[PDB]
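Only one chain comes next, encoded as structure tokens, the form deposited in one PDB entry.
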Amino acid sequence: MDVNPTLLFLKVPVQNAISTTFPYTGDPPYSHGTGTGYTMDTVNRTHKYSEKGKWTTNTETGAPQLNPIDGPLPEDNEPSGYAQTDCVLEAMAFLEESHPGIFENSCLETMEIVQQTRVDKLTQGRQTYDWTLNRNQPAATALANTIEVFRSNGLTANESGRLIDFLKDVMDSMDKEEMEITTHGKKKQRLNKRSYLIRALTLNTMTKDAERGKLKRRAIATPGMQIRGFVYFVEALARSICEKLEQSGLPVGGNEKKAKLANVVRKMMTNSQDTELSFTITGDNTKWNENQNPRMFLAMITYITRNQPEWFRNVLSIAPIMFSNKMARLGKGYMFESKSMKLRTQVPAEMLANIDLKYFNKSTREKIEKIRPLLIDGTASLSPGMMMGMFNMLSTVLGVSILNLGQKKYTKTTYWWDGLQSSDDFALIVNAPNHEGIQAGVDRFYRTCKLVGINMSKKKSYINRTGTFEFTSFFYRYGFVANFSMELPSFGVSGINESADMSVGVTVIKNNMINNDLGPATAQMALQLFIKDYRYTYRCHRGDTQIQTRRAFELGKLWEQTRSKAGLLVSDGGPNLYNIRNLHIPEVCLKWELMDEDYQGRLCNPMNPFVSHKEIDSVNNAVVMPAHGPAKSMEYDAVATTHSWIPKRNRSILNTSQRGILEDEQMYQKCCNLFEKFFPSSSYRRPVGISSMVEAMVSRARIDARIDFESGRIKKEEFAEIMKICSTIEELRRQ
């Protein structure tokens, strides 16, 4: 008897046991060294899929750029970047015709958004590339550095605080003949026009980690602060358009996406009934971001913004223009070793331009030789493609337009098609009287996609009668089935803090019960396993136990001191009172009535030093990386207690030359903290004011002192002392 779990599929349909095919209990693959090889491969592939294009030399950056738009029509089934401008414009026009006024209303909404957005809105990013430092930094730090440099270079249009003013500042800086930057011992560095322009158009490349379902690693890119605002406005417009398209899978959630898929399936099923065949294609596009051209996005944006104010069109056009002249950094470089001498060394990517090729292996040597002509200032020129892939919504608009082209009035034949699109993923459904019509419709859709630079992957796609299909790991078999394994990694200690972790674990169990068909008994067992993992991770075993930990003595003392032991939190060595019925109740309020008065007062003491509250946007909110997709924001219910602490931070920066920024950050915090003591609402809603910190602080202090003296809360001596100190601050500010 040789056990073979796959044989279980002989009785259970594959969908109904699809969880068996997801090995999400082991660690996912990770990159170990450099991503330079992946970046060079991506650049070479992008330039190869569009090689029958026009080669030009940029007059500004002096870089070789490849233009495949309106190139020779494809003659084979290999990926092609030769999108046709007329075809793209025709698709956009027909999309507008089928949904009249969509572009106009979307443009009105985006125009309203553009004039009200603030520059600080750019702080809600993640590891933006910083040209001032030439490395990745958090979005807020990069924005602050860019604003500092702009101010030091006589570019202060952003004082107004509007995002569009910052974009005007970037526009003007592009015209500066010399840029002055500060490098850490402060040193002044001067960048000529071309050098600064190349830096402003640079994308920093790295390699993706914790990616499931792949054997080989791939490269991703992140842009700098010079293009993020333009991308933000373009994506706002694209989101506005997508929200009004029923065939678009964005920006809706999973449940709404499944609802849309079910709706379209039913719509295409009732129509057929018994008079025609219907076939579903579980499709997938290959090299999505390597064959989308920024020039085509410029064309679509131009068409969308017809009959609109010139400034709006210019603002929306900037981002495709800058992406058409982008450059990619080639990662960290490579590592060489000498076995005989037992040495290892790091070769930066900047030296790949004129380094002897005897060091590299055959494949790397070929990559470097192929990419050498594109190298400028340590970066590779990449005109075609969308490596960074920030236009996830414009691409969705193009896919939805191709889908909309499938209406019977546009096919002008017996076959027609409809479906759903979400970035590079799509599900198609073709209805036709017979199999020949089905083949004709499939061919028409494939060729039309090819005409606009979309290449369906034939190796990862299949077609079957429209009863079952798959869409981004949602498996439909006459109704969507549960895929519990996809959520397995989320079951565990999140790593925020004790209170947040308990809340998130319980909430995840509840949500999986609601959505992923987690059964009651399995839910109870998951609760038990989570409690065990929580106790082990936080060393908060029950007080009565004899498990030896550094925290055991204090927990035992608290346990022996307590009278009502059921009231203690699990973090405090208490029992687990959670079950199915109360999965929606936070722990502190679950056992509020069972807690001792003194323990309750100590635990929920607002003066405790462990609790620290940031802005409201981060209250009871955590960032969680799912198994698939980008990091999400999850909100949990929890009472602020002594268990809502914050873990320490990395200290490696203390050993580098960037250590100077640490102190700077510290200084800022001081000032900001002081500002909270004068304007307590500042952490709730962002304050606005052109005046400096000092003026507002002194005004508020004077006014509060006077009002308090009027109310009799402060004696005249204290009022005089405060007025004297305020006068001292006022006179000291001038000098």
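Here, rigid core means the biggest group of C-alpha atoms that superpose within 1.5 Å across both forms. Residue positions are given as counts along the sequence shown, with the first one as 1.
Colleague: None, 1 to 3, 4 to 9, or 10 or more: how many residues of the deposited sequence lack coordinates between residue 184 and residue 185?
Modeller: Missing residues, residue 184 to residue 185: 10 or more.
Below: the form deposited in another entry, not depicted.
Colleague: Looking at 403, 201, 540, 143, which has a Cα shift of 2 angstroms or more between this form and the one not shown when the rigid core is held fixed?
Modeller: Flagged residue: 540.
Colleague: Determine, after fitting the two forms on their core, whether residue 330 shows a C-alpha shift of 2 Å or more between this form and the one not shown.
Modeller: No, residue 330 moves less than 2 Å.
Colleague: Look at residue 60 and decide if its Cα position differs by 2 Å or more between this form and the one not shown after superposing on the rigid core.
Modeller: No: residue 60 shifts by under 2 Å between this form and the one not shown.
Colleague: At a 2 Å cut-off on C-alpha positions, does residue 362 qualify as shifted between this form and the one not shown after fitting the rigid core?
Modeller: Residue 362 C-alpha, core-superposed: shift of less than 2 Å.
Colleague: Residue 668 and residue 155: their C-alpha distance differs by 3 angstroms or more in the other form. Do they come closer or move farther apart compared with the shown form?
Modeller: Distance between the C-alphas of residue 668 and residue 155: shorter in the other form, by 3 Å or more.
Colleague: At a change of 3 Å or more, would you call the C-alpha separation of residue 669 and residue 163 in the other form closer or farther than in the form supplied?
Modeller: Residue 669 and residue 163 sit closer together in the other form.
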